[PDB]
Amino acid sequence: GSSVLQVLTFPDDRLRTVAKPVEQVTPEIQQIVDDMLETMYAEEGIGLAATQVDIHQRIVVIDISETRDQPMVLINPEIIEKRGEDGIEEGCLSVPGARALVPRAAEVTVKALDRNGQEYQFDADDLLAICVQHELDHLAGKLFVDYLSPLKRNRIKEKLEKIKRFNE
Ligand SMILES: CCCCC[C@H](CC(=O)NO)C(=O)N[C@H](C(=O)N1CCC[C@H]1CO)C(C)C
Ligand code: NI
C-alpha cells in the first residue's frame, strides 16, 4: 500500500526548506508516513525526515532496531529537554557516502504525535537520541555537513554534484 520515494541529495535547495507543522493527522498524512517508512527500509538507514523526500511538513520516522521491525513515527516532534553531550560518526541518505562526527546532546525528551494522532513523549539516549536530533535538524533545513568546515563541506558538495552531473 506504500511506495518508495525519491530522496533529495545535497546540494538540493529543497533540503533547506523549513518544514511546517502538520495540521491534522489525515489519511494523506498517514500515507506519507507509510511511504517514508517504505523509503527508509529500502536502504540501510535508521530514520527519515519528510524534508528529505520533498515533503515540507514536520514528519519523522525512525527504526534503530537491528531487526528493522521497531518503527517509531514522530509527527510534529518537539525536543522539550536536552541533557549531556555525545557525538558519533554520522552519515545521511541526503549526503550519501560522507561521514563525520557531529556533536549532539546525549539525551533528549521528545513530544510528538504517533501515526494515529495520539500524543506521546519519551526520553531517548544513545543512538535514538542522536537519530532524533539528526532528523529534527532536517526539518529545520539543516544537514550534518553544516557542522563541518567550509572546505570539507564544499568538497563533499562538489563530489555529489559530479555523481549527478548527467542527470536530467
Ligand atoms: C546517526 C544519526 C542519524 C542517522 C540517520 C541516517 C538517515 C538520514 O539521513 N536521516 O535523515 C542514517 O541512517 N545514517 C546511517 C548511519 O550513519 N548509521 C546507521 C546506524 C548508525 C550509523 C552507523 O553507520 C548511514 C548508513 C547513512
Ligand atoms: Ni539525514
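Please note: Cβ atoms are built from the backbone with ideal geometry, for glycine as well, and neighbour counts cover all protein chains shown. Here, each number is a calculation from the coordinates, and none is a lab measurement.
Are any of the residues in the stretch 28-36 exposed (fewer than 14 other Cβ atoms within 10 Å of the Cβ) and either out of contact with any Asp or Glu (no Cβ under 9 Å at 6 or more places or on another chain) or touching a residue at least 60 places away in the same chain (Cβ under 8 Å) (or both)? Spell out the reasoning first.
The first filter runs over the stretch 28-36 and keeps only residues exposed (fewer than 14 other Cβ atoms within 10 Å of the Cβ), leaving 28, 31.
Adding the requirement that they be either out of contact with any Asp or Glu (no Cβ under 9 Å at 6 or more places or on another chain) or touching a residue at least 60 places away in the same chain (Cβ under 8 Å) (or both) leaves 28, 31.
Yes.
Name the pairs whose Cβ atoms lie under 6 Å apart, with the first residue in the stretch 123-144 and more than 19 Å from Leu8 (Cβ to Cβ), the second near ligand 1 (Cβ under 9 Å from one of its atoms) and outside any strand (DSSP E or B), and 6 or more positions between them or separate chains?
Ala124/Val132; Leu127/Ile64; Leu128/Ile64
Please determine whether any residue of the stretch 97-110 is within 15 Å of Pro11 (Cα to Cα) and either within 15 Å of ligand 2 (Cβ to nearest atom) or surrounded by 17 or more Cβ atoms within 10 Å (Cβ to Cβ) (or both).
Residues of the stretch 97-110 that are within 15 Å of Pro11 (Cα to Cα), as a first pass: 97-98.
Still in the list and also either within 15 Å of ligand 2 (Cβ to nearest atom) or surrounded by 17 or more Cβ atoms within 10 Å (Cβ to Cβ) (or both): 97-98.
Yes - at least one qualifying residue is present in the stretch 97-110.
Being of a type in the set (S, T, N, Q) and in a loop (DSSP other than H, G, I, E, B) is the filter; apply it to the stretch 131-168 and report the residue that is surrounded by the most Cβ atoms within 10 Å (Cβ to Cβ). Break it down stepwise before answering.
First, pick out the residues of the stretch 131-168 that are of a type in the set (S, T, N, Q): 133, 149, 154, 167.
Adding the requirement that they be in a loop (DSSP other than H, G, I, E, B) leaves 149, 167.
Working: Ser149: 10, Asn167: 5.
Here the residue is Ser149.
Take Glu89 and decide whether it is more than 16 Å from ligand 2 (Cβ to nearest atom) and among the acidic types (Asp, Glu).
Values: more than 16 Å from ligand 2 (Cβ to nearest atom): no; among the acidic types (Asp, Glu): yes.
Spelling it out, it is not the case that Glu89 is more than 16 Å from ligand 2 (Cβ to nearest atom) and among the acidic types (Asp, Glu).
Would you confirm whether or not the stretch 66-88 contains a residue that is under 22 Å from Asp13 (Cβ atoms), hydrophobic (A, V, I, L, M, F, W, C) and either in contact (Cβ under 8 Å) with a residue 40 or more places away in the chain or within 11 Å of ligand 1 (Cβ to nearest atom) (or both)?
Going through the stretch 66-88, the residues under 22 Å from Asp13 (Cβ atoms) turn out to be none.
Scanning the stretch 66-88, I find no residue that is under 22 Å from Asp13 (Cβ atoms), hydrophobic (A, V, I, L, M, F, W, C) and either in contact (Cβ under 8 Å) with a residue 40 or more places away in the chain or within 11 Å of ligand 1 (Cβ to nearest atom) (or both), so the answer is no.
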